[PDB]
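A.B. asks: Those protein sequences? They're chains G and E, same order as listed.
Just so you know, we're using UniProt numbering here: the first sequence kicks off at 1079 and counts up by one.
Just so you know, we're using UniProt numbering here: the second sequence kicks off at 884 and counts up by one.
Every residue, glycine too, gets a C-beta built ideally from N, C-alpha and C.
Mind having a look at this structure? Questions to follow.
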Amino acid sequence: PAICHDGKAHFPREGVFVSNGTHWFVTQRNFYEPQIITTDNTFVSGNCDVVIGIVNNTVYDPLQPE
Amino acid sequence: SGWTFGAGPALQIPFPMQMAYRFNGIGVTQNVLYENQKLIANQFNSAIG
Ligand SMILES: *[C@@H]1O[C@H](CO)[C@@H](O)[C@H](O)[C@H]1NC(C)=O
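What follows is the structure in structure tokens.
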């Protein structure tokens, strides 16, 4: 149900977090179309521990590389 | 399977995530459910009880 990157939870804006066993992806409700989990399609809320089902991953933003 | 089985092939989906879909349909973001899942389960159980 979520992604924790820097001690903060991350929820999908419009989609769900889907993994094919090795890499995680966010995709639409009714059509498999994976995309890299950036900061624009995920909104942060929580403390990474209140949520059940947390999985660690990276949600790296485009503002850091440039 | 949520509501998917009413539209075609039944698609399995965990129940804790299904309620996040349904909160998302009444203007309440997903963050309310997951960070309050334990409380909501007790309220629903008592209501059914
Ligand atoms: C995520 O990383 C933190 C820090 O290393 C660790 O304490 C936590 O157990 C990790 N999450 C999982 C699900 O293992």
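(1) Would you call the CB atoms of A1087/G and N1125/G closer than 9 Å?
(2) Spatial neighbours of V1096/G within its chain, please: CB distance less than 6 Å, with the 5 preceding and 5 following residues excluded, ordered by chain position.
(3) Starting from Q913/E, find everything on chain G with Cβ-Cβ shorter than 8 Å and list it in chain order.
(4) Using only CA atoms, which one of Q1142/G, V1133/G, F1121/G lies nearest to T1100/G?
(5) So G1124/G contacts chain E; which residues on that side make the cut at Cβ distance below 8 Å?
(6) Assign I931/E to buried or exposed, taking buried as 16 or more other Cβ atoms, counted over all protein chains shown, within 10 Å of its Cβ.
(7) Taking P892/E as the reference, which of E1092/G, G1093/G, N1108/G has the closest Cα?
C.D. replies: So, from the data block:
(1) yes
(2) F1103, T1105
(3) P1079, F1089, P1090
(4) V1133/G
(5) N914, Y917, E918
(6) exposed
(7) Answer by Cα proximity: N1108/G.
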